[PDB]
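Colleague: Chains as they are written, first to last, in UniProt numbering: chain A, 4 to 234; chain B, 1 to 195; chain C, 34 to 266; chain D, 3 to 242; chain E, 9 to 125, 133 to 250; chain F, 76 to 287; chain G, 20 to 241; chain H, 2 to 245; chain I, 2 to 205.
Every residue gets a Cβ at the ideal spot worked out from N, C-alpha and C, and that includes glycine.
One structure, as structure tokens, below. Some questions next.
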Ligand SMILES: *[B]([O])([O])[C]([C][C]([C])[C])[N]C(=O)[C]([C]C1=[C][C]=[C][C]=[C]1)[N]C(=O)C1=[C]N=[C][C]=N1
Ligand SMILES: [Mg+2]
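So this is what it looks like as structure tokens:
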């Protein structure tokens, strides 16, 4: 009300409204799902188009051979943050000959987003990210919020109508975690999960976007007729 | 480059500058004009290190032309010479100094007097009746000391200048491929096409 | 640009079937003066890596502090700091190699020659060299300074190529290292009798031996040597 | 440093600071530009509220940017000096590097770019100035006339006016200027320019300035008596 | 007052949303992509008859294989074009090749959100970036001041955009020829324009693999306008 | 290195050798010492290979940007001055370049500028640059006229490089010919000196000193 | 005074075939009169069917290769996983080298692969970035021993056809991968005999449309 | 943050006026009247000190008339402290020009430079403008005797006779009435004092409430002399002209 | 190479009874080449006189600099600068270029307008003040000038007698220096009149 003019101002109940407004931009964004087993980690993203003549906005970005994310909200802010991750993953490789841990990648994103919430002049990031990766401690899935809060999860979903996919994963928890050494079945579960967030529209060939990373599987993105198999 | 001369007579200033450009063992050009018009009644000849000479001359030219447009007025030769000196005096204590020597010949329309200024790369200015840079003065000043007269005509000045160039062509080791001569008077600047 | 002041001499090392061995004497020389007699030049990092350093000692102590600080930093926000996300020999080396090449590129080098010896997560032997110029190389045997000229020849008779590594036991390898240290004491004018030795085995872990001495020296034949040619008495 | 964003968008998609800068131009004295077949003429209004003025030394409204290009303006006088100075510097810089004087279009594009830069830079307000830039490209006999404004947009004009009561004189020019046959001579072009100002000026005494620019750096400013003869002839024909 | 980089309660940047309103006031620009090429067309919209219309430059070359049309505060586009040209040429210098149309667009869109309290406000102009490369063929992009860009088979921006987009919705198919696309841009421009469409108040351009980016002459466009009139009268 | 360029009735002839050396070691015989800046501009390369290559392909980028911005072909004067102003900024740092910027425009006609790493920029009709420049000058100066046919001018340029290739130890390999006209430059082939020498000797009756 | 440069010896060789390309290099690494390593890889697979080697000062060589591999990675990120063509890689390397014009990478760089028409390609660089596409190039310590042999046996220089006596040249018939590998092995065997910094082992990387293959051969260890 | 407290000194009003410039001009209108009159053989500068005291040391006092160089002087109207900042900048600029070109700075060039500084404060920096209006009286060999004025907007204009500060409307009407082109310095002195005597808010015009100065070619042969009048000399010229 | 002896030249100053005298030669050269015979080395700012020897570009630069500073002084102070004060200003100005100095040998001369006391002073290139009662010397023939002044000088000389002493000191010193001569100027300075005399000397 009087305390939402900038990010440097707490409200009387101890809230940061500019951060909360940035969180709102994520809810307006298109749905994306993340889940993992012990061997593989999968991202499924519903791409959004402007109209029938337009293309479908890309949702998934590769950060390294073993890591990447899906976005929901302001796409340019996802480009800035993914560019930062790319650099940090790269610094770890060049200097220490070491693939950056997914947990440490989350810690770096958290600290970058935080500085924008405590300083005058700047603004919070207007995007939420789902980071998947395979490192020395196996498969991982992270959820990034522009408040700074990063959380490691078995599965999750962000964006519009994401609550439906999140409930499905909460039921299926015991099943999909056990899908080891079978990428196609893990993707099937992810496609079935994102389907719980659909209304009116259905998954078409240029609508769906899938990405996977695992034990002997580099981070690869599937679009077009490559995902027709899963429709 | 090599030889640049200047002489101030009754009603004009005459500048003579060599045409040769030599890089090492070869004369790459024999028709080079080592001068720039700073303003309608002010001419500057130059000689020094390769590249620095032209870069400096054109830089000065641009600054004086800028002044002329801004004020709709031509600076006096004395004023232009002072500006040039200060740039060279500034330059000599720089990271990489301009290695350029100049003669500034101008006609002051206010005082109705020709004026010749000699400035070296250190920023050493002197007003003179006749001047030279490099090894040129070693030959030509003795002739000018004898023959010069403050009230010579322009034609007499050119004859005395021919006597200087003849002596240079006789006693200097380097073939400087003759000189381009330019006259600065009340009517402006013109080139003597046959010399 | 500087000059080295207080200096350390040869560091020698080799691979064997189940791991790597590395050694270096405990002297800190000040030109021709053998100034400091209790200097440890092998610095362990965790329980899987030993960094042996020769050259300028002030720079060695700086590097020692960087490694100490590296362990601290790696533990930060790292629940697997003593397990899957522990510091590997390859990580420690690449870091040093980066620093060495950066410092030579600013014309202000760390005046050292460094050998990182260790065993990786998968049991593989790690042994690689780096120096003040940022030059790096790996070999079944590695040595710095005088060791390069005298130790390597001896150690290469045990392990001449890659296929000789599985055929070399820890007893045979340690024997070769200890002999090489004796030879260096005979022939290096900036060496000492006292030295330290470290073994990093994939089974038995890190064994760090201090206060070792060169023994079984041959000097008795000296009594028969008289004059420089013609002299008999 | 002072970094405050003064020029910003409003809910209806307007940048008020740029629009208020146009209001400063509206307040300024009228300026007009007309191009003939082989010339361009720049007419300017002098408000006669200020007498006891020294016309020798008072800053003239038309400014030479180079020997072949001129610039007149409407709006804040102090602001115009800054644009003129930058333009003059760029003109000499172009000669120095390209070894050729600026085209009229290039000089206009530069001045327009400066004006634009001041609409999205921190800590600065836009220029309260619109300009008319006229001249002839080097070794070219085609007349050139361009206009700029605070926003930074620029364009070429057969004839154009800016400043106070510019709506009226633009009305005059739109009916009187024929594209198929423009003012063939200097006389015809000057006459049409003086006529257009007489729709707005008041008295035809010291209130009208005229500057004629011809090809090959031929620029001259008309005197009071020369302009007064045009004023006399126009009204004598009008009495009919 | 309030921050320039402030979020609204709905989760949108005030300044970005306000710049979009400025773009709606701008003159119409239309782009259509085909397998034979991409066509770009604009409404010039001269404020007065004395304004020489040929000086209105709302279609612009970035490189030989990339063209660009603009709508909104067109003065703001000059620095964007300069950056685009520099990026295109710089990439050719570094990599001895043409730059991908998408990569060029991305480079331009990186400037968009560089505003705060960098420049003082977002750009008040939208761009239609059309081009060709060997990997993804003929392409058309819509670059906004939000930093977002969408690829399009066909797109209209400016004051008559939603009316034109609905028309493009019906008319576009994957087998359109270049000639068919040229006429289609002229048809839709004529529909949404206030003044009557002719060769002086409207401009066409195209990008093909063979000839590259070309702005059409007024004589060439005039013929296509005459060809349009006859084919509409044919039924 | 031997490179030359000269103005004549039919435009400009540009001719260069192909050799590159590191001390006495012949590093390459197939070096492209002419650079195609655009369909109307050529640049020659003498001195440091990298310096010349790098900054002349850079020059082409600046020329392309000029004609994108100004909707007009860049003048030879302006193109040459961009390069001379650039190297002047680096003066003292150790750049080693001797170049001719050759082209034709409507306003200038056929034009040649000598540009050099000391900052020297000279317009002229004839230039020879490189370690074998003196050898090329001998043939050029004695046979040059304004009224030369494209065919005869081309041969003179080819012959002048051959003269220098023979005598200068740091020149040789092959001859690259270009002819610059009203409608742009035209490449005229790579001519191996090992075959060209014997051909010219036999047909021309020259080099009677050498035995063949 | 501190000397930031050193010489690690070694020698490398690139040959371009009709539909293939090879980049070879010995595995010995040295300083002065000592051997550092008998097997220290010098030719590297950099991705996108490109092989690279930077011979001379090994610290600068490793630094450059590391930076180019990095450039390939970022080329994929910035340009939608587009394959970096050999000609584009070459131009990119020029800028990496010239970027340190006044404090150079003290190396002789060679890259090899296939051009966009599928034909074999080799590019050669000097330390400060000048480059040129070539059919054949040796680099490093024993380059002066090997290049003349390759002028003779790859480009048939100074060779003519019997009976004609100097009139008709030997025709430039194409060489198979088996024929090229023979010439590479003989080049290094000959270089090893007469150059002290060459020996220990020979590692060859062959590039075809199918990918990158490796072959290793023993060399004399003295 | 800090935005909350920013006055925004460099913005336009909806009418296209610069708020701070307009308000600075309002400030200057309450300052003591300063008059400049240009004649054929010289220039006069006259100015009124504001409500003084008997205990003010007049002979060592200076609030209105300042010397920029030997050829150029200024009369001040507004904040004295603001004026002195600008005066010292102007003095330096004149010395820079003299060092560069070895010639005394032309009057207009000095005026333009100070006027450009004032303009800068109205367009950028977020600072308040200088609340000062100057009358420049000077001589050079191009245009001869010259009078200029500048104000907080940075705009400057040339004049034959001009007033700044309080009651300029009344003062300008009186000057416009009695001024003629063939006028001389002695006549201009009388006009300046008569104008102040009628426009003054004080009961009577006395020597202790005035600062006076002339720039004359009345110096021995072709050269220019500046005369800053002493208290006793102002008293004498008041008796001579018949005001006291 | 040595900056202080490229152009050549000399300055000398002396005190007398209620008067001071300062004198200099007129030569400017480029090592062996004589270029100008009109290059005066004595300048004045109000009643304070400054002579400067050494590198000619710095001689010109410093004159322009002290003219600059004394003009601002006069505007602010509302009085002409005095010799004692000016001496301190020269010292300050030279020392601020401690590690990049002007290659000059300044000499101040003048009479204090209030006390009437004659004043002279000399400096090295970096600011050190030599405030002598009798005389100051500077330039390429400083050794020669020291020898002449130390023998010829006596205290309390009348203006017209002091002229002869200083003139003979300069002339004979210059004639034993290759880089000095080509004319000479002498200033005789009293409390409210200053006479300037050009001397006839050998032109070699
Ligand atoms: B030419 O001889 O100037 C030639 C032209 C260059 C563009 C290939 N230069 C060189 O051959 C130089 C050496 C040189 C010899 C004689 C005069 C000046 C310079 N060689 C190189 O620049 C070079 C580059 N890469 C490898 C080896 N040498
Ligand atoms: Mg060998």
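Given that residue 79(H) touches chain A, what residues does it touch there, using C-beta distances under 9 Å?
Modeller: The premise fails here: residue 79(H) is roughly 36 Å from chain A at the closest Cβ pair, so nothing lies under 9 Å.
Colleague: Any beta carbon of chain D sitting closer than 7 Å to that of residue 57(B)?
Modeller: No, residue 57(B) does not count as interfacial toward chain D.
Colleague: Only counting runs of 3 or more residues, tell me where the beta strand (DSSP E) segments fall wholly within the segment 56-105 of chain G, in order along the chain.
Modeller: Listed in chain order, the beta strand (DSSP E) elements of length 3 or more contained wholly in the segment 56-105 of chain G are 62-64, 70-75.
Colleague: Would you list, in chain order, the members of the segment 195-209 of chain F that have their beta-carbon closer than 7 Å to a beta-carbon of chain B?
Modeller: Result list: 195, 196, 197, 199, 202, 208, 209.
Colleague: From the DSSP output, read off the bridge partner residues of residue 160(H).
Modeller: Residue pairing by DSSP places residue 160(H) opposite 55(D), 148(H) in a beta bridge.
Colleague: If you follow the beta strand (DSSP E) that residue 187(A) is part of, which residue opens it and which one closes it?
Modeller: Careful: residue 187(A) lies outside any beta strand (DSSP E), inside the alpha helix (DSSP H) at 186-197.
Colleague: Leaving out five residues on either side along the sequence, give the residues of the same chain with a beta carbon under 7 Å from the beta carbon of residue 124(D).
Modeller: 5, 6, 7
Colleague: Name, going along the chain, the residues of the segment 147-179 of chain H whose beta-carbon falls closer than 8 Å to a beta-carbon of chain D.
Modeller: 147, 148, 149, 154, 155, 156, 157, 158, 159, 160, 161, 162, 163, 173, 176, 177
Colleague: Please work out which residues of its chain come closer than 7 Å, Cβ to Cβ, to residue 151(B), disregarding the five sequence neighbours upstream and downstream, and give them in chain order.
Modeller: 10
Colleague: With three or more beta-carbon pairs closer than 8 Å as the criterion, would you say the segment 48-65 of chain I touches the segment 124-133 of chain B?
Modeller: yes
Colleague: Quick check on residue 236(G): does DSSP put it in helix, strand or coil?
Modeller: strand
Colleague: Taking residue 185(B) and residue 97(B) to be in contact with their CB atoms under 8 Å, please state how far apart those CB atoms are, rounded to whole angstroms.
Modeller: Actually they are not in contact, since the Cβ atoms of residue 185(B) and residue 97(B) sit about 34 Å apart, beyond 8 Å.
Colleague: Assign residue 280(F) to one of two classes, buried (16 or more other C-beta atoms within 10 Å of its C-beta) or exposed (fewer than that).
Modeller: exposed
Colleague: Could you run through the segment 41-57 of chain B and flag, in chain order, every residue whose CB is less than 8 Å away from some CB of chain F?
Modeller: Going along the segment 41-57 of chain B in chain order, one finds 49, 50, 51, 52, 54, 55 with a Cβ nearer than 8 Å to chain F.
Colleague: Three or more C-beta pairs closer than 8 Å, one from the segment 32-45 of chain D and one from the segment 53-62 of chain D: is that the case here?
Modeller: no
Colleague: With hydrogens ignored, establish whether the beta-carbon of residue 245(F) is closer than 6 Å to any heavy atom of ligand 1.
Modeller: yes
Colleague: Can you check whether the CB of residue 122(D) is closer than 7 Å to the CB of residue 135(E)?
Modeller: yes
Colleague: If you measure between the beta carbons of residue 1(I) and residue 119(I), is that distance less than 7 Å?
Modeller: Look at the range of chain I in this structure, 2 to 205, and you will see that residue 1(I) is not part of it.
Colleague: Would you call the CB atoms of residue 151(H) and residue 79(H) closer than 7 Å?
Modeller: Between residue 151(H) and residue 79(H), the gap from beta carbon to beta carbon reaches 7 Å or more.
Colleague: In whole angstroms, what separates the C-alpha of residue 125(A) from that of residue 13(E)?
Modeller: Whole-angstrom Cα-Cα distance: 7 Å.
Colleague: Between residue 65(A) and residue 179(A), is the Cβ-Cβ spacing less than 7 Å?
Modeller: no
Colleague: What first and last residue would you give for the beta strand (DSSP E) that runs through residue 22(B)?
Modeller: 21-23
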